[PDB]
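Data block below; observations after.
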Amino acid sequence: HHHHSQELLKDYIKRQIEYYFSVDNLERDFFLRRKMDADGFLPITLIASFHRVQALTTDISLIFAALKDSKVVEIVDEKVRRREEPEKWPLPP
RNA sequence: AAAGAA
């Protein structure tokens with residue numbers, strides 16, 4: 001027993017989601033950007049369906065917990081966006 | 001290139 005399994009899992013979830021919201025990924029992620037609203041937000045439940053997140057967990061409240069203190073993303077209601085200049089990224093649906 | 005990290 002060398003770590004708390006659910007805390008480690010939360011760190012994997014957080015870093016996987018922060019990757020999607022990195023500038024490097026966003027520059028090329030046309031699917032993700034077409035799903036943004038005009039303010040840059042995506043449903044957290046959409047992110048939950050992405051294959052690597054769903055592989056790590058199907059517990060939605062755990063994904064919220066994993067993201068609670070992220071400096072990369074901001075959460076409003078059940079939606080999430082890049083904290084820095086989110087409005088640059090949406091693309092037409 | 002099956003979501004080859006939507």
Side-chain angles (χ1 to χ4, degrees), chain A residues 1-67 69-70 72-78 80-87 89-93:
Chain A
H1 194 294
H2 308 115
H3 44 90
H4 188 302
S5 193
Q6 194 174 100
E7 292 295 330
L8 178 54
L9 183 60
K10 281 183 289 183
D11 195 61
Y12 292 149
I13 292 162
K14 164 181 177 217
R15 291 185 299 110
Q16 180 63 252
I17 292 172
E18 288 181 347
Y19 175 76
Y20 304 141
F21 289 96
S22 69
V23 177
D24 195 41
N25 180 64
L26 285 172
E27 280 172 346
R28 301 193 186 200
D29 200 342
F30 305 147
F31 176 95
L32 181 68
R33 289 164 63 185
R34 295 187 287 102
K35 299 307 176 197
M36 311 160 166
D37 73 21
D39 298 298
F41 287 105
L42 300 130
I44 292 168
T45 55
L46 171 73
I47 302 300
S49 79
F50 288 2
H51 286 157
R52 296 305 181 78
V53 175
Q54 200 178 342
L56 292 167
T57 191
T58 61
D59 196 319
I60 187 61
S61 72
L62 189 67
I63 292 165
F64 277 81
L67 298 176
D69 298 312
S70 175
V72 179
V73 297
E74 181 167 56
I75 293 176
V76 176
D77 294 319
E78 167 272 340
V80 62
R81 65 181 180 176
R82 183 169 166 79
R83 240 185 239 283
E84 175 173 74
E85 319 185 330
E87 306 90 347
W89 299 106
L91 289 172

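The chains referred to below are lettered A, B, ... by the order of the sequence lines, with proteins before strands, and numbering in each begins at 1. Below, each value reflects all heavy atoms present in this structure, side chains not excepted, and no hydrogens, waters or symmetry copies.
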Residues in side-chain contact (heavy atoms from CB on, under 4.5 Å) with [X], at least two apart?
{"X": "A/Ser49", "result": "A/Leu46"}
{"X": "A/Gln6", "result": "A/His4, A/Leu62"}
{"X": "A/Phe31", "result": "A/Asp29, A/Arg34, A/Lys35, A/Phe50"}
{"X": "A/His51", "result": "none"}

For A/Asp39, does its backbone N or O pair with a side-chain atom of A/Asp37 as donor and acceptor, under 3.5 Å?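 Yes: the side chain of A/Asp37 pairs with the backbone of A/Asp39.
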
With distance as the sole test, does A/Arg83 use its side chain to make a donor-acceptor pair with the main-chain N or O of A/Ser70 at under 3.5 Å? yes

Under a 4.0 Å heavy-atom criterion, RNA chain B is touched by chain A from B/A3 to B/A6

Students often get this wrong, so: under 4.0 angstrom with heavy atoms, is A/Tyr20 touching a base, only sugar-phosphate, or nothing? sugar-phosphate

Test of understanding: with side chain to side chain donor-acceptor pair (under 3.5 Å), list the residues that count as partners of A/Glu7, not counting sequence neighbours. A/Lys10

Taking only heavy atoms on the protein side, list every residue of residues 50-59 of chain A lying under 4.0 Å from any atom of RNA chain B, sorted numerically. A/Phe50, A/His51, A/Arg52

Which residues share a salt bridge (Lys or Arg N to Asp or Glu O under 4.0 Å) with A/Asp11, sequence neighbours left out: A/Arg15

